[PDB]
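Read off the chains here:
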There are 4 protein chains.
Amino acid sequence: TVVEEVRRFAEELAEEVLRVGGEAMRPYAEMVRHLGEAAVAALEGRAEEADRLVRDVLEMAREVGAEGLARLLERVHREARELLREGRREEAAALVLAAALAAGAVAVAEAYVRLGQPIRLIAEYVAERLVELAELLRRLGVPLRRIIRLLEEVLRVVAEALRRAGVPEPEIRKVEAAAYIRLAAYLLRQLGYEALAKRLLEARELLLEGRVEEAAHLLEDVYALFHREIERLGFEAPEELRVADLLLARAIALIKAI
Amino acid sequence: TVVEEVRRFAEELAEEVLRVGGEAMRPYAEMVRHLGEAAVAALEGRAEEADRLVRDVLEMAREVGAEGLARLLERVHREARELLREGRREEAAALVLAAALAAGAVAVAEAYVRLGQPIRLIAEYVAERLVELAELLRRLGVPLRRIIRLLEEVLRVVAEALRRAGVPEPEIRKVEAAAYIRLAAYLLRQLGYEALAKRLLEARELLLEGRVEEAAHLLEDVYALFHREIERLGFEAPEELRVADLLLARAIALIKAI
Amino acid sequence: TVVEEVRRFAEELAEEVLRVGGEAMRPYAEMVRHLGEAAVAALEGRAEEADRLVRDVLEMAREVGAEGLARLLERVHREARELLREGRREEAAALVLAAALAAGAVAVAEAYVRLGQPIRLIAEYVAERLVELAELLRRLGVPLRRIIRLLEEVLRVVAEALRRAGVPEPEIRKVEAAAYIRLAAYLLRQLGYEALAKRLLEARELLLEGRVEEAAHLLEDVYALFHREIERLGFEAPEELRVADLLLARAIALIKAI
Amino acid sequence: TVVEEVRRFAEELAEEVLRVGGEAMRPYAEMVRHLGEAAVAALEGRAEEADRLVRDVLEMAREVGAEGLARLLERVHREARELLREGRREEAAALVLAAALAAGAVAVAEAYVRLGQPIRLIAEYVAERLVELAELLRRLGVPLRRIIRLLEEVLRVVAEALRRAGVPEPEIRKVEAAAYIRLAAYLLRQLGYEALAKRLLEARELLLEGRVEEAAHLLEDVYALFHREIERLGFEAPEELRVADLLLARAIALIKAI
Ligand SMILES: [Zn+2]
Ligand SMILES: [Zn+2]
Ligand SMILES: [Zn+2]
Ligand SMILES: [Zn+2]
Ligand SMILES: [Zn+2]
Ligand SMILES: [Zn+2]
Ligand SMILES: [Zn+2]
Ligand SMILES: [Zn+2]
Ligand SMILES: [Zn+2]
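Residues numbered from 1 in each chain as written, not as in the entry; some residues may be left out. Chains lettered and ligands numbered in written order. Part of a larger assembly, values for the part shown. Heavy atoms only, no water.

This entry lists cryo-EM as its structure determination method and reports a resolution of 3.17 Å.

Chain A appears in the PDB entry as Cage-i53-Zn1-HEHE-6 from Escherichia coli. Per the header of the deposited record, the title is "Cryo-EM structure of designed zinc-induced icosahedron Cage-i53-Zn1-HEHE-6".

Take a look at the structure:
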């Protein structure tokens with residue numbers, strides 16, 4: 001069912017891209033669909049069809065004008081080759097799926113920016129998509145640290161896209177910080193820290209409304225309590241606590257830099 | 001059920017405006033909803049609430065920047081006063097409904113132009129909306145020549161909106177000519193001229209694809225056959241033939257002027 | 001009795017405006033009285049009379065020269081429409097009552113500034129008015145965080161009015177900081193923290209006398225004790241504690257920025 | 001046998017390209033052969049091999065310098081993807097075969113222009129190849145209107161190629177007009193109008209000999225008789241008559257514009 005899940009994910013993202021953007025950007029739907037096909041090819045054997053499809057999507061990125069997507073696609077090409085030589089298949093499909101998500105998200109984000117919708121919608125959209133992708137990659141079997149690295153790459157591509165569309169920098173920082181707080185809350189919820197997740201999401205809501213100062217104050221309070229809890233456990237803690245610590249630190253840094 | 005139909009029409013148009021344009025254009029949803037309210041007030045008694053709502057909608061049109069919509073709103077204000085004094089209610093609500101449709105169609109057309117969708121979509125959207133409004137006005141009881149006059153006013157407002165959005169003039173002419181051919185086919189279908197309607201719609205299809213020359217040739221052939229049929233009946237013909245003749249003449253003139 | 005309370009509140013504020021400013025500012029008494037009428041109309045059914053009265057009051061604000069009041073009145077217009085469509089009535093009247101209080105307080109504050117009364121009087125007047133309005137909104141049923149948001153909107157309008165009257169910026173900051181300390185003390189008193197409220201009011205008294213440094217020292221001491229008490233309860237606390245924490249943080253920031 | 005027919009068509013066109021042009025134009029023989037393989041791949045399953053081969057041929061067109069062929073190959077690529085996703089196979093191979101014929105005919109026409117052969121040979125060659133392709137596409141199952149659209153695309157590419165080779169514009173118009181009259185005669189012959197086709201081909205013979213005026217006069221006479229026959233049938237006529245009408249109109253327009 002895994003390859004069916006990858007196909008469904010790619011097709012749903014392409015349909016949403018077409019619905020939001022119409023026929024103005026049909027290329028992005030083709031990129032999403034071919035990257036879904038390359039991913040399922042990698043999951044079902046093969047190593048050369050994946051290379052060819054990734055090169056095709058790289059050519060489309062070259063002609064359309066997507067720069068960050070093109071760079072990410074070259075990186076997917078080289079890595080996917082290396083890990084397919086090494087015999088590991090899940091991680092190559094993981095890189096391809098992250099590439100497809102980057103393409104869909106850049107399409108939808110540029111659509112939202114062109115027709116002037118508020119930044120809350122872009123931020124919530126990207127955060128929810130990242131959480132869904134993280135759930136999928138957890139289902140496949142990729143290790144968590146690689147998951148977070150892929151998600152940060154996707155966020156970087158989306159931020160570059162929003163920069164090219166003229167969105168002011170503080171709004172881009174708000175988008176990224178919202179994504180980081182959502183990811184941190186998602187990680188914290190699995191281990192059974194519900195109150196922590198609610199406080200983090202309250203801080204996120206105060207951030208998306210433009211109340212930066214109350215967001216920073218509530219974020220620093222919840223981070224202080226969390227960090228005391230971390231130092232309680234000494235030289236032992238589940239890895240998701242360790243990753244959430246860095247996610248929360250980066251979120252705080254971004255909010256302070258707004 | 002008539003007032004319920006007017007309410008449903010206004011709310012559906014407002015919901016579509018919001019879906020296509022999002023939160024970027026909330027004012028237009030309010031204008032559509034208040035114009036629907038003024039129309040249903042006029043249909044259910046009253047003469048002062050309609051005045052107040054139309055004045056409020058005129059104020060919104062003034063602040064947003066809609067020029068043609070504001071002019072049409074002043075015009076419906078004055079006329080609605082006159083006919084409400086004369087005791088005729090259906091035609092005042094007809095003017096108000098035409099105003100609401102003009103506002104909604106202007107919003108959706110500006111949304112389509114902002115995100116760069118093809119002109120076939122705008123043309124087909126506007127033409128189908130005009131046909132639906134014509135069916136509604138036929139249900140209420142307005143005489144047909146007033147129906148066509150209101151529909152042409154709506155088309156004029158939409159063309160002005162598309163002009164302000166930078167759409168090139170030939171595309172505006174294509175939009176209007178497609179609207180006229182659709183209206184003419186709709187009128188011809190009721191009296192039982194199916195083949196004529198199919199040929200008119202074939203010519204319209206060739207027009208929307210950019211094949212102007214084949215569209216003009218096929219339009220002139222079908223017009224010649226139709227006009228011979230009209231001259232067959234001498235000094236007698238159902239009134240819809242007489243209206244469709246002028247619709248077809250204007251459609252041909254617009255196509256030639258592209 | 002609720003609509004009677006709203007009527008009494010509006011008439012009392014209008015009478016006080018007339019007593020303080022005389023016949024110099026008659027428009028503001030009319031704005032207060034019509035905003036009270038729109039609020040009681042909203043509380044007693046209706047959705048169009050409220051629209052008309054708010055539009056009339058906006059016209060008065062436009063002609064008189066009130067800028068911040070006009071902006072807030074447009075915002076009241078749009079929101080009142082939205083929530084009246086959604087069927088919620090208390091919050092629309094809450095926005096209208098906040099607008100009436102902003103108009104009355106702007107009038108009285110400009111009167112006080114014109115005849116050169118000390119800033120302690122403006123600060124104490126505004127703070128007590130905000131406390132009375134908060135009690136009223138608690139009686140109606142508005143949730144507390146909406147209460148605080150409306151009160152901050154009122155404070156923003158009052159600060160803009162005082163800025164247009166030439167009052168120096170540090171006095172405006174003193175007014176706002178006194179208002180926040182009064183609101184925080186009011187919130188803390190309900191939950192049974194008397195000593196905290198007395199110390200906050202002592203710090204406020206030292207602030208209004210011009211002793212900024214002793215006010216900041218005593219405020220930081222009481223804030224440190226309060227915040228230790230907050231962190232004692234971990235991930236649980238009555239919601240008014242959470243709101244008072246942000247109120248105190250903003251009050252301290254404003255005092256430091258004087 | 002259909003895939004064998006496509007292979008035979010492609011190889012025969014490639015051999016003719018090589019015989020006419022020698023080793024000077026070897027790239028075009030390879031492009032024709034690869035488009036033959038891509039078409040037969042599409043007819044025998046597959047969707048990714050067709051993608052790859054069309055991209056390879058696009059690269060060849062990029063390096064050689066064929067511009068219009070490159071544009072048509074990009075269009076072929078995008079459409080072939082869409083219709084292969086929709087599951088329709090005959091039309092994608094039809095687009096590929098049209099592309100191969102455009103490439104081969106471009107090569108042969110440039111060869112004829114380089115060694116200075118008269119324009120009658122180019123016109124007759126192109127017209128006969130178009131008739132053969134239309135016969136093949138009729139054998140496959142493509143609808144006739146798509147057949148005519150593909151044939152016009154082939155003619156447009158050929159005209160662009162001849163323009164790039166410095167052939168004067170009136171000779172290009174002669175080529176296209178001869179092609180349209182040949183196509184109209186071919187369509188008319190199936191319905192069983194032998195006299196009409198004979199007179200059209202007499203007009204074509206007079207046109208290719210440089211006698212433009214007698215060509216236009218005889219063409220207008222046969223067109224007048226044909227159009228009277230069309231108007232005889234009213235609102236009913238086989239589709240081939242309708243297509244021939246537009247073909248004849250375009251031929252007359254081109255001859256008049258010489
Ligand atoms: Zn490679
Ligand atoms: Zn740490
Ligand atoms: Zn009036
Ligand atoms: Zn006529
Ligand atoms: Zn209003
Ligand atoms: Zn101390
Ligand atoms: Zn705190
Ligand atoms: Zn491709
Ligand atoms: Zn004709």
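A. Quick look at the overall build of chain A. Assigned secondary structure in chain A consists of 11 helices and 0 strands. For chain A, the N- to C-terminal ordering of α and β elements is α-α-α-α-α-α-α-α-α-α-α. Its C-alpha radius of gyration of 19 Å places chain A within 12% of the 18 Å reference for a compact globule of 258 residues. The 258 residues of chain A split such that 57% are buried. Summarising the internal contacts of chain A: among those between residues at least 6 apart in sequence, 68% fall at separations of at least 24. Carbon and sulfur atoms provide 48% of the accessible area of chain A, an area that totals close to 11,100 Å². Where the 40 positive side-chain charges of chain A centre and where its 48 negative ones centre are 1 Å apart. (Helix = DSSP H or I, 4+ residues; strand = E, 2+ residues; numbered from the N terminus. Rg over C-alpha atoms; globule rule 2.2 N^0.38 Å. Buried < 20%, exposed > 50% of the residue type's maximum accessible area, 1.4 Å probe, protein only. Contact = heavy atoms within 4.5 Å. Areas by Shrake-Rupley, 256 points an atom, 1.4 Å probe, with all protein chains shown as cover. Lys, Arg positive; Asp, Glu negative; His and termini not counted. Charge placed at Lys NZ, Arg CZ, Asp CG, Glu CD.)

B. Fine view of the relation of the copies chain D and chain B. The two copies are related by a screw motion: chain D maps onto chain B through a turn of 72° and a shift of 0.0 Å along the axis, at an RMSD of 0.1 Å. In the structure described here, the two chain copies are related by an operation that fits a five-fold rotation axis. For chain D, the residue whose C-alpha comes nearest the rotation axis is D:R228, separated from it by 12 Å. (Least-squares fit on C-alpha atoms.)

C. Here's a closer look at the interface of chain B and chain A. Counting from both sides, the interface comprises 10 residues of chain B and, opposite them, 10 residues of chain A. If you sort the residues of chain B by the area they bury against chain A, B:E23, B:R114 and B:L115 come out on top, with a joint share of 56%. Applying the counting rule to chain B against chain A returns 0 salt bridges. Here the side of chain B that touches chain A is built from residues that sort into 4 nonpolar, 4 polar and 2 charged. (Buried area = accessible area lost by both parts, 1.4 Å probe. Salt bridge = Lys/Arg side-chain N within 4 Å of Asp/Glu carboxyl O. Nonpolar A, V, L, I, M, F, W, Y, C, P; charged D, E, K, R; others polar.)

D. Here's a closer look at the interface of chain D and chain B. Counting from both sides, the interface comprises 12 residues of chain D and, opposite them, 14 residues of chain B. For the pair chain D and chain B, the two sides together bury roughly 1,100 Å², of which 53% comes from carbon and sulfur. When the buried area of chain D at its contact with chain B is split by residue, D:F235, D:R242 and D:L246 rank highest and sum to 54% of it. Taken together, the connections running from chain D to chain B amount to 4 salt bridges. Salt-bridge contacts for D:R242 lead to B:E202; the nearest nitrogen and oxygen are separated by 2.6 Å. The interface formed by chain D and chain B holds 4 residue pairs in polar contact in total. Those elements giving two or more residues to the side of chain D that touches chain B turn out to be helix 7 (144-164), helix 10 (212-232) and helix 11 (239-257) of chain D. The dominant element in the side of chain D that touches chain B, judged by the number of residues it contributes, is helix 11 of chain D, at 5 residues. Broken down by class, the residue content of the side of chain D that touches chain B amounts to 4 nonpolar, 2 polar and 6 charged. (Polar contact = N/O pair within 3.5 Å; in protein donor to acceptor, adjacent residues only side chain to side chain.)

E. Region of interest: the relation of the copies chain B and chain A. Expressed as a screw operation, the relation of chain B to chain A combines 0.0 Å of axial shift with a rotation of 180°, fitting to an RMSD of 0.1 Å. Expressed as a symmetry operation, the mapping of one chain copy onto the other fits a two-fold axis. The position closest to the rotation axis in chain B is occupied by the C-alpha of B:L115, lying 3.0 Å away. Mapped onto chain A, 100% of the interface residues of chain B again fall at the interface, so both copies present the same surface.

F. Main features of the nonpolar core. By size, the foremost hydrophobic cluster in this structure holds 111 residues, and its most contacted members are B:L73, B:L97, B:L137, B:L200, B:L219 and B:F226. D:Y28, D:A38, D:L155 and D:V158 belong to the second-largest nonpolar core, a separate cluster that totals 110 residues. (Core = buried A, V, L, I, M, F, W, Y, C linked by side-chain atoms within 4.5 Å.)

G. Focus on the coordination of the zinc ion (ligand 5). Surrounding the zinc ion (ligand 5) are the protein donor atoms B:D56 (OD), C:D51 (OD), C:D51 (OD) and C:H77 (NE2), at 2.1 to 2.3 Å. One way to put it: the 4 donor atoms around the zinc ion (ligand 5) meet at angles of 58 to 141°, and that makes the site irregular. Separated into two different chains, B:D56 in helix 3 (residues 48-64) and C:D51 in helix 3 (residues 48-64) make up a pair that spans both. Here B:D56 falls in the buried class, since its relative accessible area comes to 1%. For C:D51, a relative accessible area of 8% corresponds to the buried category. (Donors = N, O, S within 2.8 Å, 3.2 Å for Na, K, Ca; no water. Tetrahedral: all angles 85-135°; square planar, octahedral: opposite > 155°, others 65-115°.)

H. Here's a closer look at the packing of helix 5 (residues 90-114) of chain D against helix 6 (residues 119-140) of chain D. Residue and element names in this part refer to chain D. The contact between helix 5 and helix 6 brings their axes to 11 Å, and the two run at 165°. In this view, helix 5 runs roughly antiparallel relative to helix 6, as classed from their interaxial angle. Relative to helix 6, the crossing made by helix 5 is right-handed. Only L121, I122, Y125, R129, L133, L136, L137 and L140 of helix 6 make contact with helix 5, whose side of the interface consists of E90, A94, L97, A98, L101, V108, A109, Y112 and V113. Taken together, the residues of the contact of helix 5 with helix 6 sort by class into 15 nonpolar, no polar and 2 charged. (Axes fitted to C-alpha atoms, helices over the stretch in contact; angles between N-to-C directions. Parallel < 35°, antiparallel > 145°, perpendicular 65-115°, else oblique. Left-handed = near helix turned anticlockwise from the far one by under 90°.)

I. Structural context of the environment of D:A159. Residues and elements named next belong to chain D. Inspection of the secondary structure puts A159 in helix 7. With 13 residues separating them along the chain, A159 and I172 place their C-alpha atoms 6.1 Å apart. Once residues lying within four places of it in the same chain are set aside, the contact partners of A159 are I172 and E176.

J. Examining the packing of aromatic side chains more closely. Residue and element names in this part refer to chain C. Taken as a whole and judged by the stated rule, the model has 5 aromatic pairs over all chains. The interplanar angle of 50° and the centroid separation of 6.2 Å between the aromatic rings of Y112 and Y125 together place this pair among those described as tilted. Within this pair, whereas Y112 is found in helix 5 (residues 90-114), its partner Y125 is found in helix 6 (residues 119-140), the two being separated by 13 residues in sequence. Taking the relative accessible area as the measure of exposure, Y112 reaches 15% and is therefore buried. Look at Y125 and you get buried, because its relative accessible area is 16%. (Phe/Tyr/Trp six-rings, centres within 6.5 Å; stacked < 30°, edge-to-face > 60°.)

K. Broad picture of the side chain of C:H227. For C:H227, the location among the structural elements is in helix 10 (residues 212-232). Given the relative accessible area of 15%, C:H227 is considered buried. Side-chain polar atoms of C:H227 contact the side chain of A:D221, separated by 3.2 Å. Non-local contacts of C:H227, meaning those with residues more than four positions away in its chain, are made with A:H217, A:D221 and C:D245.

L. Representation of the packing of helix 5 (residues 90-114) of chain A against helix 7 (residues 144-164) of chain A within the structure. Residue and element names in this part refer to chain A. Two elements in contact, helix 5 and helix 7, have axes separated by 9 Å at closest approach and are oriented at 25°. Looking at the two axes, helix 5 sits roughly parallel to helix 7. Considering how the two elements wind past one another, helix 5 and helix 7 form a crossing that is right-handed. Across the interface between the two elements, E91, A94, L95, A98, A102, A105, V106, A109, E110 and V113 from helix 5 touch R146, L150, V154, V157, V158, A161, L162 and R164 from helix 7.

M. View of the pattern of salt bridges. All told, the structure shown has 104 salt bridges over all chains when counted by the stated rule. A salt bridge links A:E59 to D:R55, with the shortest nitrogen-to-oxygen separation between them at 3.3 Å. Here the residue A:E59 occupies a position in helix 3 (residues 48-64), and D:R55 occupies one in helix 3 (residues 48-64), the pair thus bridging two chains. One network of salt bridges, in which partners are shared, links A:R199, A:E202, C:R145, C:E239 and C:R242.

N. Structural context of helix 6 (residues 119-140) of chain A. The terminal C-alpha atoms of helix 6 of chain A lie 32 Å apart, and with 22 residues this matches the ideal 32 Å at 1.5 Å per residue to within 8%. Phi turns positive, to about 135°, at A:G141, one or two residues after helix 6 of chain A. (Expected span 1.5 Å × (residues − 1).)

O. Quick peek at helix 5 (residues 90-114) of chain B. All names here are of chain B. With 25 residues, helix 5 ought to run about 36 Å at 1.5 Å a step, and its terminal C-alpha atoms sit 36 Å apart, in line with that. Judged by how many residues are buried, helix 5 sits mostly within the fold: 22 of 25 residues are covered. After helix 5 finishes, the residue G116 shows a positive phi value of roughly 65°.

P. Seen up close, the environment of C:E67. All names here are of chain C. Examined against the element boundaries, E67 turns out to sit in helix 4 (residues 67-86). The partly exposed category is assigned to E67, whose relative accessible area is 42%. When the C-alpha positions of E67 and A47 are compared, they lie 25 Å apart, and in sequence the two are 20 residues distant.

Q. How the structure looks around the environment of C:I119. Residues and elements named next belong to chain C. Looking at the element boundaries, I119 is found in helix 6. For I119, a relative accessible area of 16% translates into the label buried. Residues in contact with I119, not counting those within four places in the same chain, are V167, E171, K174 and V175.

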